[PDB]
Engineer: 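After the structure tokens below, expect a handful of questions from me.
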Amino acid sequence: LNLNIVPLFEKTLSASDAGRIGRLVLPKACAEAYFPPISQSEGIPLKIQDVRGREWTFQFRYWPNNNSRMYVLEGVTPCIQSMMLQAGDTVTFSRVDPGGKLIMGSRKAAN
DNA sequence: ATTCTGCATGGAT
DNA sequence: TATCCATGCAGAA
């Protein structure tokens with residue numbers, strides 16, 4: 001029974017990502033790199049656990065963009081606001097190996 | 001007015 | 001020139 005937390009990537013929140021809309025933008029590069037692959041514009045549900053138990057479930061989804069894709073987690077506001085985040089705070093996504101569990105955390109604006 | 005969608009745009013680099 | 005994500009924006013309800 002030997003486990004490790006492996007950083008995947010971080011996102012520093014925009015107005016949009018922090019705002020009322022509820023969708024958080026993932027750099028395409030990063031999404032394809034560390035989240036499941038998905039081939040439909042409307043993706044798959046994705047359960048990410050926070051440090052203190054709470055499973056959040058977002059639809060992980062893309063759209064066509066230019067000739068590529070734009071990625072988002074949808075329905076984040078509950079998660080965000082539980083964690084008290086504003087634009088300029090940072091959300092870190094990580095993976096627990098061996099296994100494929102997705103976990104997350106966040107930290108507050110530099111100031 | 002408002003919110004949800006599903007993109008499309010274009011400023012930043 | 002190029003990429004590409006923050007934000008715009010036009011339905012639909």
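Order of the sequence lines fixes the chain letters, A, B, ..., with proteins taken first and strands second; residue numbering starts at 1 for each chain.
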Engineer: Between A:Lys47 and A:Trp56, is there a donor-acceptor pair closer than 3.5 Å when you use the side chain of the first and the backbone of the second?
Structural biologist: no
Engineer: Cut-off 3.5 Å, side chains only: do A:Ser68 and A:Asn65 have a donor facing an acceptor?
Structural biologist: no
Engineer: Expressed as a whole number of angstroms, how long is the span from A:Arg20:CZ to C:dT7:P?
Structural biologist: 12 Å
Engineer: Of all the heavy-atom pairs spanning A:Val72 and A:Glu74, show the shortest one and how long it is.
Structural biologist: CG2-CG, 3.6 Å
Engineer: To the nearest Å, give me how far apart CZ (A:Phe9) and P (C:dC5) are.
Structural biologist: 11 Å
Engineer: Taking only heavy atoms on the protein side, list every residue of residues 27-37 of chain A lying under 4.0 Å from any atom of DNA chain C, sorted numerically.
Structural biologist: A:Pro27, A:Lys28
Engineer: Reading nucleotides 7-13 of chain B 5' to 3', which nucleotides get B (base under 4.0 Å from a protein heavy atom), which S (sugar-phosphate only), which -?
Structural biologist: BBBB---
Engineer: Which part of the nucleic acid, if any, lies within contact of A:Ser16, taking any heavy atom under 4.0 Å across all strands shown: a base, the sugar-phosphate backbone alone, or nothing?
Structural biologist: base
Engineer: For A:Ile103 versus A:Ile48, what's the shortest heavy-atom pair and its separation?
Structural biologist: C-CG2, 3.7 Å
Engineer: Suppose we screen for side chain to side chain donor-acceptor pair (under 3.5 Å). Which residues come up paired with A:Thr92, at least two apart in sequence or across chains?
Structural biologist: none
Engineer: If I take atom CD1 in residue A:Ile21 and atom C1' in nucleotide C:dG8, what distance separates them, rounded to the nearest angstrom?
Structural biologist: 10 Å
Engineer: Among A:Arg61, A:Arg23, A:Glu32, exactly one meets side chain to side chain contact (heavy atoms under 4.5 Å, CB included) together with A:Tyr71. Which residue is that?
Structural biologist: A:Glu32
Engineer: Would you find more than 12 non-hydrogen atoms of other residues, nucleotides or ligands less than 6.0 Å from A:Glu55 atom CD?
Structural biologist: yes
Engineer: What's the OH-P distance between A:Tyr62 and C:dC5, to the nearest Å?
Structural biologist: 15 Å
Engineer: Send over the distance from A:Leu26 CG to C:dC5 P, rounded to a whole Å.
Structural biologist: 9 Å
Engineer: Just checking A:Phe60 against A:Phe35, ring centres under 6.0 Å apart?
Structural biologist: yes
Engineer: Whole Å only: how far is the OH atom of A:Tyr71 from the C1' atom of C:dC5?
Structural biologist: 14 Å
